[PDB]
Amino acid sequence: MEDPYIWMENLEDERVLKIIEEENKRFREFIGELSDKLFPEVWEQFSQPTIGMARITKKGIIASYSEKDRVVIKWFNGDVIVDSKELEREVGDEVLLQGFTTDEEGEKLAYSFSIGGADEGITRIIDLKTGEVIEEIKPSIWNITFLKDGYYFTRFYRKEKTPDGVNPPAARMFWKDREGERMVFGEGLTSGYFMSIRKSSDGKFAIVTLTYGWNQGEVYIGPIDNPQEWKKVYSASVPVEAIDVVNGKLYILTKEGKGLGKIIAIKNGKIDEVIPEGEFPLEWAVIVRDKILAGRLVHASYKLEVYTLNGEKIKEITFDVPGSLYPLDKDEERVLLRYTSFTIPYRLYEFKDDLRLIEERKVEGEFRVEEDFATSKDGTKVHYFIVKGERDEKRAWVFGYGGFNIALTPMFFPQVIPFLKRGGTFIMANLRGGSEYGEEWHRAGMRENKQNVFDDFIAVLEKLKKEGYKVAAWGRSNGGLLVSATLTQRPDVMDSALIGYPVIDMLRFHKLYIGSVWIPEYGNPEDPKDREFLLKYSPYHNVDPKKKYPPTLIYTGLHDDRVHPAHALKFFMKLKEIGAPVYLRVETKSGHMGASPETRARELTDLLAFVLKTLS
Ligand SMILES: [Cl-]
Ligand SMILES: [Cl-]
C-alpha cells in the first residue's frame, strides 16, 4: 500500500532533517519568549526532591531521590551511598539511574544505570559498609535476589539471541555465585515470555511468575536454593501476580473471572477463593504479619483494605486527597508505600499493623481536587478528576490516555502547577481501554472498540465546553493517538490540541520499532477485517479539509526508541496540507528525564507555554 510520506520513516533522509530544523525554529520563535519566562516556575516544581524507589533492610530504609540535576541513593535520613554526580565524574559522562535493590541484611546493594543515555546499561553491586564495588555487570541485569553467597537475576534480551538460541525479545533467569553463573530457568521459552522471581516472606521459597502478553500466566514455586525442585503450581489464561507462600499456601492476585481482581490460594493443587471479586478493581495485594493489605481502586483513586489471611475484612483506610498508592518493598514486618497526587509529589507511608506517614512533599496552596462524570455516546459514565486553584479563568487542560490496561490515577504534573496559579483547571479523564474498571474496561477500548475511547474523551471535552471552558486537549503516545483522532473527528470540542509522541499511521504502526507489540490492542493492519475498523479513525487517513482546526502542537523526540517519530512527522504533513494551525517540536538532545531534568523540564515548559498562548 503506497504511502506518500514513507520516506519520513528514514530519519536520516535530508528532507526529514530539513523539516525538523525548520519547524523547531518556527516553534521556538512562537513560544520561546513565554517559555523562557515560565521556565523558572516550571523548573521549581519539576526539580524538587522526589522519592523513587525504597527498600527495607535490617539496618534501615534505603531510598532513591531526584533533586534538580542529581539523583541519589541514600540511607533514609542518613548517608548518601550513591550520587549520580559522583558517578558522572568517575565515568566522565551523563548517567541515568534506573533502579536498585539490596539484601535483607542491608550489607549488599545493587544499582543499575546507563552511561550517557546509552540504550545499554550497567549494574554494580557494592558493599554498603565500605562502598567497594564488588561487581560490575554489563549489560544491566534485573530482579536481583540475594541468597547465601550469590543471587538470582534475570536478563532481558533485546538485540541478542538468548544463550539457548531463542530470538528476542526474551528473558532468562540465572544464578550467580563465586563458582560462576548458570541459567536456572527459561530454557526453550519462545520469544514473548517474561519472568520474574521473588522470595516468600519467610525467605524459604522461590516464587517464579511467567507471563506471555495478556493471555497466559504461570506460577512456579519451590525451595529458594533449589531450582531443580521448582514446580509449576498454577496456570492461567491471563497474567497473574503471585503474592506470597505462607504455611504451605500460595496466594495469588488474579484478574480471572469478571476481570476486577480477586485473591485465591492454592494448597496441594486445590484452589480456594480468599477474597472474591468486588465492585471495584483490586490492583495489588501484599501479605504482612498475618494480614492481607490490599489496594482497591475506587473510581481511579486508591483506598486501603486490610484483611485476615482468611479474607475477612478488618479495616479500611481512605485518604484526605484522592491519590495513587503503590507498594515499594516489604519484609516480614512492614510494607513501604508510595503515595502521589496532583498537588502531592509524594508521601512515604509505612504499614505494619496500621498506616504511618514517614515523609511528605506537597505543593503549598489552596488547591481543590474534585471529581465528576461525563456521559458518553453509549451511556458509559466517564469519571474525571478536576484540579483547581483559588482562581478560575475558565481554562481547562484536559489529559487522557485510554488504552493498554493502564488506569490514569492521581499523579504530580509539575508544569500544571503554574497553570493552576494562573486560573487554570486541570482535568484527568478515565477513559475506556484503561484498567479503571477491570479487564472488561480495557477490552471495551481495544480493536473495534477503540472508537469508544475517543467517544469517552469527546464526552468530557464537550461537557467542559458547554460549561464555558476554553479547552486544551493533551495526551502522549497512545494518548497522542487519542488527541489526534479526536482532533480529526471533533475539532469543535477543543480550543487547543497537544499531541505527544503519537501513534498516527494505523496501517503501518506495526512496521516501526516496537509497534508490532501493540497489535493485540489496536488490531492487525495486514488483515482487511481489522483495516475496516482501523481506517474509520486512523488520523493519517481521516484529515478533513472541510473542518476548521484549532492550534495544534505535535511533539516527539528524534531519538525515541519506542514510538517512531515518523508518526508525528506524517500527521504534521497532513495538517500542513490543509493549512491547519499546526506546530511541530522535535526534541534533539539525547536520553530521557530520570537524571537529565533540564531538557525534560523545558519540554514541559514548552507545553505550558503553548496552552497559555493558544487559549488566549
Ligand atoms: Cl509529555
Ligand atoms: Cl520526554
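Don't worry about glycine lacking a Cβ; one is built from the backbone with ideal geometry, like all the others, and counts go over all protein chains shown. What is reported rests on the model, the rules as stated and the sources as named; no laboratory read-out is quoted.
The table below lists the values:
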item	result
Members of the stretch 560-616 found to be charged (D, E, K, R) and in a helix (DSSP H, G or I), listed by number	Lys570, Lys574, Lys576, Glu577, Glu598, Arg600, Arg602, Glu603, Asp606, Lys613
Among residues of the stretch 563-577, those that are under 23 Å from the mean Cα position of the chain (by Cα) and either more than 11 Å from ligand 2 (Cβ to nearest atom) or not assigned by CATH to the domain that holds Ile417 (or both), counted	5
Output for the stretch 530-577, where each listed residue is farther than 23 Å from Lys450 by Cα, touching a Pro at 6+ places or on another chain (Cβ under 7 Å) and basic (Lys, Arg)	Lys548
Members of the stretch 578-613 found to be within 11 Å of ligand 2 (Cβ to nearest atom), over 19 Å from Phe419 (Cβ atoms) and without any contact (Cβ under 8 Å) to a residue 60 or more places away in the chain, listed by number	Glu587, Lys589, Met593, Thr599
Residue that is farthest from the chain's Cα centre (by Cα), among those in the stretch 237-259 that are within 13 Å of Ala294 (Cα to Cα) and hydrophobic (A, V, I, L, M, F, W, C)	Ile252
Filtered residues of the stretch 465-482 (kept if of a type outside the set (D, E, K, R) and either surrounded by fewer than 24 Cβ atoms within 10 Å (Cβ to Cβ) or within 16 Å of ligand 2 (Cβ to nearest atom) (or both))	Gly468, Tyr469, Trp474, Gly475, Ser477, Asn478, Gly479, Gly480
Residue in the stretch 563-604 that is nearest to ligand 1 (Cβ to nearest atom), counting only those that are among the β-branched types (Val, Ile, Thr) and surrounded by fewer than 19 Cβ atoms within 10 Å (Cβ to Cβ)	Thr599
Which numbered condition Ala472 fails, given (1) assigned to a loop (DSSP other than H, G, I, E, B); (2) under 24 Å from the mean Cα position of the chain (by Cα)	(1)
Filter result for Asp495 (touching a residue at least 12 places away in the same chain (Cβ under 8 Å) and either in contact with a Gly (Cβ under 8 Å, 6 or more places away or on another chain) or surrounded by fewer than 24 Cβ atoms within 10 Å (Cβ to Cβ) (or both))	yes
Residue among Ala265, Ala242, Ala206 that is touching a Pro at 6+ places or on another chain (Cβ under 9 Å) and surrounded by 18 or more Cβ atoms within 10 Å (Cβ to Cβ)	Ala206
Yes/no for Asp354 being free of Cβ contacts under 8 Å to residues at least 40 places away in the same chain, of a type in the set (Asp, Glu) and assigned by CATH to the domain that holds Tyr307	yes
Subset of the stretch 487-514 that is in a helix (DSSP H, G or I) and within 21 Å of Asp561 (Cα to Cα) - its residue that is nearest to ligand 2 (Cβ to nearest atom)	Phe509
All positions within the stretch 63-80 that are among the hydrophobic types (A, V, I, L, M, F, W, C), under 27 Å from the mean Cα position of the chain (by Cα) and either assigned to a strand (DSSP E or B) or under 19 Å from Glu132 (Cα atoms) (or both)	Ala63, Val71, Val72, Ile73, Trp75
Number of positions in the stretch 179-195 that are part of a loop (DSSP other than H, G, I, E, B) and out of contact with any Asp or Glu (no Cβ under 6 Å at 6 or more places or on another chain)	7
Count - residues of the stretch 465-489 that are away from ligand 1 (no atom under 16 Å from the Cβ) and within 22 Å of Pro502 (Cβ to Cβ)	6
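Here's the yes/no breakdown for (1) among the acidic types (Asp, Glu); (2) part of a helix (DSSP H, G or I); (3) in the same structural domain as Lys421 (by CATH); (4) touching a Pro at 6+ places or on another chain (Cβ under 8 Å):
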| site | (1), (2), (3), (4) |
| --- | --- |
| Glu41 | yes, yes, yes, yes |
| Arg55 | no, no, no, no |
| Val82 | no, no, no, no |
| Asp93 | yes, no, no, no |
| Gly99 | no, no, no, no |
| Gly117 | no, no, no, no |
